[PDB]
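Novice:
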Amino acid sequence: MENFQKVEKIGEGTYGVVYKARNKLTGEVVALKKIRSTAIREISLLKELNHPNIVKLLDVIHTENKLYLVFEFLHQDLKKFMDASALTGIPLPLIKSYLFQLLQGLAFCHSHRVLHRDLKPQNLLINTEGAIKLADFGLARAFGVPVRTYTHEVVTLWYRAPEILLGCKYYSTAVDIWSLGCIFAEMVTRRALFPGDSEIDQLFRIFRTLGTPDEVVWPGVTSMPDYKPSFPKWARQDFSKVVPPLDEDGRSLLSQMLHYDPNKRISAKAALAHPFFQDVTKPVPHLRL
Ligand SMILES: CCCC(=O)Nc1n[nH]c2c(F)c(F)c(-c3ccccc3)cc12
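All letters in the sequence shown, in the order written, are residues 1 to 36, 46 to 298 by the entry's author numbering.
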């Protein structure tokens, strides 16, 4: 656009290129996404769902075969922070604060019947004040999640809920709770929980750890579109081996976020009340920009 002076290319989204840009009339520093009627309607609605833990959508510009999304700018993402902290780990008080803030953002969006559907460390942004925000919220409802991005990069399957993998057509808010639990486990262990490299590999990795689901733990599972009776029958592993050395409060919360049945899986609202959050504080991270 004419009103923006581009400083640099900052990344590649699922849909388009992301630039760091400066507004010419306001001097405001923003993140500018360049993409490529019903989709425009859905995205215009996103200008109203404002929360401190949701990246602000400042403006929507549709012109000459392009869709421009003007976003609030944050200096770092959780993926790079996790990589930079790989040797010593992220301290437990910070993991806790980040999880607490993320659950607040989810509780707000879910209360307005808006789900993310594609949470990953790459779309979780952080600042020097100890804040963490969810980016790209609502874009999956508007365009759907493709197999590959606009650059042909493979879209990650690692944080995908089992009901999605099993062919359900109606996703609930429980899908975001699953992804966030996978992220929680990764911050604690410094390794991906379920690093699948295909839909079947992802599903069988979930099954190997949590046990192959049945009509006992998940009513209706055997009737789901992509369910096969030929699926190998794996035993559930003990949670103490899943995320060591996380305490019992953390392990209890993680087990509830990873329930197979989307109706049994803890809500963002109920997660905020879990005893794990009794001693939450707001520490600041050690970022060098
Ligand atoms: C090192 C982080 C620098 C950065 O890109 N900051 C950003 N500031 N604001 C942003 C934003 F609103 C975004 F939507 C994305 C984004 C993230 C993942 C996938 C697609 C888009 C990134 C940023």
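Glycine included, C-beta positions come from ideal geometry on N, C-alpha and C.
Under a three-way DSSP split, which group does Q5 fall into?
Specialist: Mapped onto the sequence shown, residue 5 falls at position 5. In this structure, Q5 counts as strand in the three-state DSSP scheme.
Novice: Taking the DSSP output, what are the residues bridged to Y19?
Specialist: Numbered from 1 along the sequence shown, position 19 holds the residue referred to as residue 19. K9, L32, per the DSSP bridge assignment.
Novice: Considering only DSSP beta bridges, list what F80 is partnered with.
Specialist: Reading the sequence shown from its first residue, position 71 is the one you call residue 80. Bridge partners of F80: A31, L66.
Novice: If you measure between the beta carbons of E81 and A151, is that distance less than 8 Å?
Specialist: Translated into the one-based positions of the sequence shown, residue 81 becomes position 72. Translated into the one-based positions of the sequence shown, residue 151 becomes position 142. Cβ atoms of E81 and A151: not closer than 8 Å.
Novice: Should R122 go down as buried or exposed, given a rule of 16 or more other Cβ atoms within 10 Å for buried?
Specialist: Within the sequence shown, the letter at position 113 stands for residue 122. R122 is exposed by the Cβ-count criterion.
Novice: Taking 7 Å as the line, does the beta carbon of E81 fall inside it for any heavy atom of ligand 1?
Specialist: Here residue 81 refers to the residue found at position 72 of the sequence shown. Yes.
Novice: Hey, would you say the C-beta of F117 is under 7 Å away from at least one heavy atom of ligand 3?
Specialist: Ligand 3 is not part of the structure shown, which contains ligand 1 as its ligands.
Novice: Identify whether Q85 lies in helix, strand or coil by the three-state DSSP scheme.
Specialist: Numbered from its first residue, the sequence shown carries residue 85 at position 76. Strand at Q85.
Novice: In this structure, how does DSSP classify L134 when only helix, strand and coil are distinguished?
Specialist: As a working note, residue 134 is residue 125 in the sequence shown. In the structure shown, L134 sits in a strand (DSSP, three-state: E or B).
Novice: Run the CB neighbour count on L298, radius 10 Å, all protein chains shown included, and call it buried at 16 or more, exposed below.
Specialist: Indexing the sequence shown from 1 puts residue 298 at position 289. Per the 10 Å Cβ criterion, exposed.
Novice: Between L134 and ligand 1, is the CB less than 7 Å from at least one heavy atom?
Specialist: As a position in the sequence shown, residue 134 is number 125, starting the count at 1. Checking the Cβ of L134 against ligand 1 gives yes.
Novice: With DSSP as the reference, label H119 as helix, strand or coil.
Specialist: Within the sequence shown, numbered from 1, the residue matching residue 119 stands at position 110. Reduced to three states, the DSSP call for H119 is helix.
Novice: Use the C-beta contact count for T231: other C-beta atoms within 10 angstroms, 16 or more gives buried, fewer gives exposed.
Specialist: In the sequence shown, residue 231 corresponds to position 222, counting from 1. That one is exposed.
Novice: Can you tell me which residues form a DSSP beta bridge with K242?
Specialist: In the sequence shown, residue 242 corresponds to position 233, counting from 1. Paired residue(s): none; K242 is not in a bridge.
Novice: Tell me which residue opens and which closes the beta strand (DSSP E) that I215 is part of.
Specialist: In the sequence shown, residue 215 corresponds to position 206, counting from 1. No beta strand (DSSP E) contains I215, which is instead part of the alpha helix (DSSP H) from 208-219.
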